[PDB]
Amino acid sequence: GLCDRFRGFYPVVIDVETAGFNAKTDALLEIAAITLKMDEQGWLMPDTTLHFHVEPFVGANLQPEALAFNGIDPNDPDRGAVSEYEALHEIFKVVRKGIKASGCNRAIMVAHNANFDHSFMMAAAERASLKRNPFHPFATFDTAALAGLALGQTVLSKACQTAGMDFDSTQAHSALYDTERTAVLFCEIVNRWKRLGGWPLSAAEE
């Protein structure tokens, strides 16, 4: 089961759009989260997906270079952004639920160059004084590393394509879609490892 595969770690794929590279000073603008589930044969696949647009915390820094990269205007009338507390509380609630339903003991962030997203989410969590944050405070499942191992690629787009996934490099990917692509990649990597007899650790001798 899911709770057996990673010693009780409930892997949650996360991706964020921001207005800079500094989690402490730069605005969190967007976040998406995908929970995973494992079927009866032990194959991993995407489960539940949430995504929010987030309002820049008070006094937050907005890098013009970053807004040019993601194309987000924090002042767009039609973006319907919620507070960091609103978004994270809902994400945390879903993840806790997933944790109990599957019999895990905590969540771990799955992300591409994971530290980035982990730093922003933890910084926003801390700002909104969210308690009962279910995520590991420093451990992550970074797909860039995992893809380097499995596919010999560290760049998201190329790793997906090498894995046989559809990835349009010419297109800008918002949190929602970057998260989904990352989640499929992670699943593929884990599943192929199992497919080839890497897991269970007795499979190669069965």
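In case it trips you up, residue 1 is the first one in the sequence shown, and so on. Rigid core: the largest C-alpha set superposing within 1.5 Å between the two forms.
Two stretches, 87-95 and 71-79, are weighed by how far their CA atoms sit from the shown form in 7 other deposited structures of this protein after rigid core superposition; the farther one is 71-79. Stretch comparison, 170-178 versus 147-155: after rigid core superposition, larger RMS CA deviation in 7 other deposited structures of this protein is found for 170-178. Per-stretch averaging of Cα B factors for 113-121 and 95-103 places 95-103 on top. Stretches 157-165 and 140-148 differ in mean C-alpha B factor, with the higher average recorded for 157-165. Of the residues listed, 65, 26, 47, 30, the entry assigns the biggest Cα temperature factor to 65.
For residue 175, the recorded CA temperature factor ranks within the highest third of the chain's modelled residues. When the modelled residues of the chain are ordered by C-alpha B-factor, residue 61 sits in the middle third. Among all modelled residues in its chain, residue 8 ranks in the lowest third by Cα B-factor.
Ranked by Cα temperature factor within the chain, residue 88 sits in the middle third according to the deposited record.
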